[PDB]
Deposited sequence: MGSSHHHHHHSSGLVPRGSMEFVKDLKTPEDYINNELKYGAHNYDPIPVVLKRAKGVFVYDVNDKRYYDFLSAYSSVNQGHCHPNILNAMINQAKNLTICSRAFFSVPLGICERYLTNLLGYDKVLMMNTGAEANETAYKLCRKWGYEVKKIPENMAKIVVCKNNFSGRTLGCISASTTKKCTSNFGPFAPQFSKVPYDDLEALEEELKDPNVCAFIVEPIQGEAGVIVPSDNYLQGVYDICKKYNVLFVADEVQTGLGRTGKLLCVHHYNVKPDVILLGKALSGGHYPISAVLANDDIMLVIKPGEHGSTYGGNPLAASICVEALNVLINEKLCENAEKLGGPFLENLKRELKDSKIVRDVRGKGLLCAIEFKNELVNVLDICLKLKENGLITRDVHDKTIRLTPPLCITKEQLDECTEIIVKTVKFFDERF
């Protein structure tokens, strides 16, 4: 049918929990997506990093097929061959003793919360019910502003703090990059006060900023890591929590459920999705291309009336606009018209988050698409 026909059919038969950009996608490969009118767009969202490897990577599909022909799910009532293969692979790769595989980012977060508090009770000997998790503003809980070591140290003085969880670059806040020395500060303060340092790398991990873990840029080793998105190359909801035995062994059977966590199909996809990442050296690509791409955009938008900031690390980039001077949803809609799809946060900031297999040449074309579009609104 037409784009409007699909949209209206969703409005009729589906809950109205989202207000999407009105492009109706049917195909995708690498950096590109194709709508029902056969129009091609540069995808600058990468499904929030799930397709870091590019859309529809054939090597990831092939691992998915090879496994799904043999076994897709048996439930955690029994063991499957592929899970331990994945656990061994991931833990060796990232340098932690153990991993706990789940499906979604929210599941990884809740699992981390529980792990942290149980370690708080069982190891830190925090009195029952008192285990506090500290989190950052715009992320028993407490909040601290992001990129603030004084505020952090003040909270962690409390003996009942079990963990601090922080994203190496805040995504939802609008790609906020902390000062150099922040994460070393976090590492130091958390060590001082015997508090778990949890890095949330669900968005920043797996090549997006140019490293396997954005934390690697700062040569700092968190006590706990949360991964997801790109773990699957977009073929399956897969997420993970990693920690050494002194932390992870606090977890015991009985727990709750969520039957699909650790399933053989996800386990096989995951190993291949990371095999692709590493073998194609996509971390190196994002790291090589990202810095120049951003400097170019800064340069070409410097002295644009409507631009407030241009920021990023590797291929995790964003433009902040002055929303009193432009409608940013309209920028997004014009971006789409000019062949590039993204989304904004907080009606201010546009994510610039292409798959990591993007070329220097493609990034030059995208710079021109973006600059043309910002000029239109000046």
Seminar exercise, completed: Not represented among the modelled residues are deposited positions 1-26, 166-191, 431-433
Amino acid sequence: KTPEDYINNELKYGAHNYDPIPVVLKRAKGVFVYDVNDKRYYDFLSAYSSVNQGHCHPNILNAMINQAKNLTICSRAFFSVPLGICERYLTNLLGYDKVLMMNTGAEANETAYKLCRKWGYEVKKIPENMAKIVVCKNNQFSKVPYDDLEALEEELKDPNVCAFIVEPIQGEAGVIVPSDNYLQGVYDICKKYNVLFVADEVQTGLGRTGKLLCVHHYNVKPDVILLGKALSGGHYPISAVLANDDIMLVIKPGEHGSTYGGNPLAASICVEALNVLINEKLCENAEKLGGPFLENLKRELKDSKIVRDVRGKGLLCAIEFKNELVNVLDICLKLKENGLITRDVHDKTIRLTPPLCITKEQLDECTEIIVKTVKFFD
From here on, numbers count along this sequence of modelled residues.
Problem set entry | Which of 110-118 and 141-149 has higher mean CA B factor, as the PDB entry lists it | 141-149
Seminar exercise, completed: As the entry reports it, the stretch among 25-33 and 320-328 with higher mean C-alpha B factor is 320-328
Exercise. Whose C-alpha has the highest temperature factor in the PDB entry: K132, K98, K157, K252?
Worked result: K157
Problem set entry | Among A77, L297, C270, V198 - the residue whose C-alpha B-factor is largest in the record | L297
For this session: Divide the modelled residues of the chain into thirds by Cα B-factor and specify which third, lowest, middle or highest, holds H217.
Result: highest
Exercise. Lowest, middle or highest third: where is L315 by Cα B-factor in its chain?
Worked result: middle
Exercise. Going by the entry, which third of its chain does the Cα temperature factor of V307 land in?
Worked result: highest
For this session: Going by the recorded CA B-factors, say which third of the chain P168 sits in, lowest, middle or highest.
Result: middle
For this session: Relative to the other modelled residues of the same chain, rank the CA B-factor of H235 and answer lowest, middle or highest third.
Result: lowest
